């Protein structure tokens, strides 16, 4: 045909998405969501570059270009190699976890700070060469905050982390805002809450109990509760975490303004409230699977875990998360357990 009466295409030109830390729980779920959605929001996903220290799997049901490989962003030339592929959106999710960063000073700074700096500089240099200006969505963390902390923590509260991991994230945030301001890329920092319920198997992190006391009982398994019911912490589901990333990739950076690092919404809840939600949703017999076995070493660490945030700016900007533990538990049942406890 010859006659058109206005815009015709559903879609713009396709886009290339890169995910660093693609083999982690968040990265895999992000990849899966992007495949399912097909586009972001009006650009079809034409290619994934998927990088992690552990080999990422090519996503099932995706028919576009895939470059999935095991690589360390901190290693010589790797940042440049990614940037030469000119991805339109870069999700930077990779980090060595706090427990590891605390025990290995060098490794944490190398992977969590230097690797990020190398990526940011490779982008900067390409921006200078040919105007390359990608969307960069970086996962920061509530670990950027350190005690003493008010409850709730306001948007303007300073970052005084008491871990090297939190320090590394806080520095990456500052670099992200400065490079964004100077126009090298369009950066958005996403400060993830604790992910609850974390799917899979009990991870040895002192804080694993926040998920263990729900995840295991929901499948008829026992779990240890090492702390008292009054302990208060700040949470969002894996679904929500992924939602933050999708939203951050498309948000108008002019609405965000120069303060590009955002405290995400989530839920402040006590351990007692988690258990009551488990009782309501899964029943007395599930709650009965929780073994109260005090551990004074974990209890001492509760002081340094953030109680909760106002998240005012992020909510105004359209980020959303769960508002009850019943919701968190429902998300887990729907997303991990096939919608049924049988």
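Numbering follows the first chain given and starts at 1.
**Student:** Mean CA temperature factor from the deposited coordinates, higher in 195 to 203 or in 146 to 154?
**Tutor:** Higher mean C-alpha B-factor: 195 to 203.
**Student:** Could you check the entry and say whether 133 to 141 or 101 to 109 has the higher mean CA B-factor?
**Tutor:** Result: 101 to 109.
**Student:** Quick one: which of 126, 73, 175, 90 shows the highest Cα temperature factor in the PDB entry?
**Tutor:** Highest C-alpha B-factor among the listed residues goes to 73.
**Student:** Going by what the PDB entry lists, where does residue 37 fall on CA B-factor within its chain: lowest, middle or highest third?
**Tutor:** Its C-alpha B-factor belongs to the highest third of this chain's values.
**Student:** Taking the chain's C-alpha temperature factors as the reference, tell me which third residue 220 falls into: lowest, middle or highest.
**Tutor:** For residue 220, whose C-alpha B-factor we compare with every modelled residue in the chain, the answer is the highest third.
**Student:** Check where residue 24 lands among this chain's C-alpha B-factors and tell me if it's the lowest, middle or highest third.
**Tutor:** Answer is middle: the recorded C-alpha B-factor places it there.
**Student:** Considering every modelled residue of the chain and its Cα B-factor in the PDB entry, is residue 262 in the lowest, middle or highest third?
**Tutor:** As the PDB entry reports it, the C-alpha B-factor of residue 262 lands in the lowest third of its chain.
**Student:** Going by the recorded CA B-factors, say which third of the chain residue 82 sits in, lowest, middle or highest.
**Tutor:** Its C-alpha B-factor belongs to the middle third of this chain's values.
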